[PDB]
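Final position of the first sequence in my numbering is 786; the numbers increase by one with none missing.
Idealized CB from N, CA, C, for every residue including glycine.
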Amino acid sequence: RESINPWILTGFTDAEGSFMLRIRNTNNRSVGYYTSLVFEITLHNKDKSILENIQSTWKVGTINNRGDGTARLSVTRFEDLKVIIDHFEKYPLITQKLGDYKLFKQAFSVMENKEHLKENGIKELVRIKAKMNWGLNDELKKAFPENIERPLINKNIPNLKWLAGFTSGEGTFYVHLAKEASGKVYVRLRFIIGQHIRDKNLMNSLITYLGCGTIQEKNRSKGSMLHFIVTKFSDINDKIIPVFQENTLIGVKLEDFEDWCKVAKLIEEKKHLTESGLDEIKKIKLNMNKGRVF
DNA sequence: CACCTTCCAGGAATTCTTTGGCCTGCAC
DNA sequence: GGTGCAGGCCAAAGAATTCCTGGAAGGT
Ligand SMILES: [Ca+2]
Ligand SMILES: [Ca+2]
Numbered sequence: 493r494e495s496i497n498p499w500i501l502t503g504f505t506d507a508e509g510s511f512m513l514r515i516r517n518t519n520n521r522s523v524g525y526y527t528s529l530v531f532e533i534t535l536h537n538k539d540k541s542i543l544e545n546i547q548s549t550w551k552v553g554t555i556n557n558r559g560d561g562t563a564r565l566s567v568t569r570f571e572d573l574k575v576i577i578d579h580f581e582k583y584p585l586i587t588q589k590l591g592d593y594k595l596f597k598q599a600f601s602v603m604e605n606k607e608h609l610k611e612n613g614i615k616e617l618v619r620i621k622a623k624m625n626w627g628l629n630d631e632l633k634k635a636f637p638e639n640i641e642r643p644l645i646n647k648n649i650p651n652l653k654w655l656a657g658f659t660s661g662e663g664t665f666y667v668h669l670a671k672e673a674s675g676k677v678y679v680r681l682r683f684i685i686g687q688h689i690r691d692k693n694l695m696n697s698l699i700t701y702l703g704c705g706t707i708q709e710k711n712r713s714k715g716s717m718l719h720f721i722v723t724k725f726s727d728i729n730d731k732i733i734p735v736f737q738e739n740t741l742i743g744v745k746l747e748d749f750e751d752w753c754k755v756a757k758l759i760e761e762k763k764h765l766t767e768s769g770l771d772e773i774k775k776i777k778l779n780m781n782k783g784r785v786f
């Protein structure tokens, strides 16, 4: 179906997706190496439509339906990769994934000269794979004793469309219920984004760019990880909800968000204290997030 | 028959979600 | 014979995501 806005695309890619450089020796007597370039996303079936719309937008890559209960989009056809690179040069990433993507681009240029089939090709492309992702496997580590640091990237959030894309990937909207013996049962709206410590910068940018929220480190559970949380109702209703209302989310999360706002209006109309409306809230919370059923 | 690329399917590691509960300090 | 609540904190678990790999089907 439909295609996606470019910045929504880049944002969602910062959240999910991987750029990978395969370097595998030849099963043939050829003492050489075959080098593959792959950009692939793997999601729960709920969001398969996204995988389509990405395809529909790039018109490259294949979409495989897995038995894992997930769906995967792969782009490895060499010339098709141009599309990808063309995109992320006109709409760059901002998370640490940018680093990996850049190495991707680098590798592509090395293979574009068709020199990868050359000894020089092998020498350079390994120097690249060592830097991106988990680096070299043990085999390539023994075959190529070499010297390979890595500084953190600190880019600024481009716009709100990027945020709607990214949040559609890694954001969360939670309705917290605490029900003293008063029996009342309190309601609270939380908007959470969980990131690895390496993306601390992004987190910081988040607060300033939204002008609200608070960062909770989470190290007594080793992930590492840390969270960006917004719960103050003034900020949720005056700062968060309008953002994602004018820059719509994508994927099932949108529906979640919508139900979220249902709760938010009820909490604004003060109808959350009456038990009937509180029942309405409970019903919504029960049928969203992990509770929704597709 | 051979190189090489593009694809699928599998899978282990781990990074997200998503989920709660506890605490505190104002207003009143 | 302070207390109710909103705005914060503390975290866990599994599963959705991150990466990688083996094997083989398409083009020359
Ligand atoms: Ca992710
Ligand atoms: Ca997600």
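| request: Please say whether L617 and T518 have beta carbons closer to each other than 8 Å? | output: Mapped onto the first sequence, residue 518 falls at position 26. Mapped onto the first sequence, residue 617 falls at position 125. Against a cut-off of 8 Å, the Cβ pair of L617 and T518 comes out as no contact.
| query | Among residues of its own chain, excluding the 5 on either side of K582, which ones have a beta-carbon nearer than 8 Å to its beta-carbon? | reply | The residue you call residue 582 lines up with position 90 of the first sequence. Correct list, in chain order: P498.
| query | Where do the N-terminal and C-terminal ends of the beta strand (DSSP E) with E532 fall, by residue? | reply | As a first step, residue 532 must be located in the first sequence, where it is residue number 40. Start and end: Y525 to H536.
| query | Cβ-heavy atom distance between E662 and ligand 1 below 7 Å? | reply | Residue numbering aside, residue 662 sits at position 170 when the first sequence is read from its first letter. For ligand 1, at least one heavy atom lies less than 7 Å from the Cβ of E662.
| Complete alpha helix (DSSP H) runs within the segment 646-690 (minimum length 4 residues, chain order) | 652-662
| said: Please report the straight-line C-alpha distance between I576 and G503, rounded to a whole angstrom. | reply: Position 84 of the first sequence, counted from the start, is the residue given in the question as residue 576. Position 11 of the first sequence, counted from the start, is the residue given in the question as residue 503. For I576 and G503, the distance between alpha carbons rounds to 14 Å.
| query | Cβ of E508 within 7 Å of any heavy atom in ligand 2? | reply | Residue numbering aside, residue 508 sits at position 16 when the first sequence is read from its first letter. Flag set: Cβ of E508 near ligand 2.
| task | In angstroms with no decimal places, state the Cα-to-Cα distance between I500 and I742. | result | Position 8 of the first sequence, counted from the start, is the residue given in the question as residue 500. Position 250 of the first sequence, counted from the start, is the residue given in the question as residue 742. For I500 and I742, the distance between alpha carbons rounds to 9 Å.
| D578 versus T549, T587, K606 and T562, residue with shortest Cα-Cα distance | Here residue 578 refers to the residue found at position 86 when the first sequence is read from its first residue. Here the closest residue by C-alpha is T549.
| field | Touch test, the segment 669-679 against the segment 697-704, Cβ-Cβ under 8 Å, three pairs minimum | value | no
| query | Counting Cβ pairs closer than 8 Å, one from the segment 711-722 and one from the segment 751-769, do we hit at least three? | reply | A contact is defined here as three or more CB-CB pairs under 8 Å, and the segment 711-722 fails this definition with respect to the segment 751-769.
| task | Can you have a look at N605 and say buried or exposed, based on whether 16 or more other CB atoms are within 10 angstroms of its CB? | result | The count along the first sequence starts at 1 and reaches residue 605 at position 113. Burial call: exposed.
| query | Excluding the five sequence neighbours on either side, which residues of its own chain have a C-beta within less than 8 Å of the C-beta of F683, listed in chain order? | reply | Start at 1 with the first residue of the first sequence, and residue 683 comes out as number 191. Answer for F683: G663, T664, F665, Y666, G705, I721, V722, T723, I728 and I732, listed in chain order.
| field | C-alpha distance - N646 paired with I689, whole-angstrom precision | value | The sequence position of residue 646 within the first sequence is 154, counting from 1. The sequence position of residue 689 within the first sequence is 197, counting from 1. Rounded to whole angstroms, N646 to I689 spans 13 Å at the Cα level.
| field | Complete runs of the beta strand (DSSP E) confined to the segment 597-654 [at least 3 residues] | value | Fully enclosed beta strand (DSSP E) runs of 3 or longer: not present.
| Nearest residue (CA-CA) to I546, options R558, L770, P650 and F531 | The sequence position of residue 546 within the first sequence is 54, counting from 1. Checking every option, the nearest Cα to that of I546 belongs to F531.
| field | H764 - partner residues in DSSP beta bridges | value | Position 272 of the first sequence holds residue 764. Beta-bridge pairing links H764 to no other residue.
| C-alpha gap between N537 and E772, whole angstroms | For the purposes of this step, residue 537 is taken as residue 45 along the first sequence, with counting starting at 1. For the purposes of this step, residue 772 is taken as residue 280 along the first sequence, with counting starting at 1. Taking the straight line from one Cα to the other gives about 29 Å.
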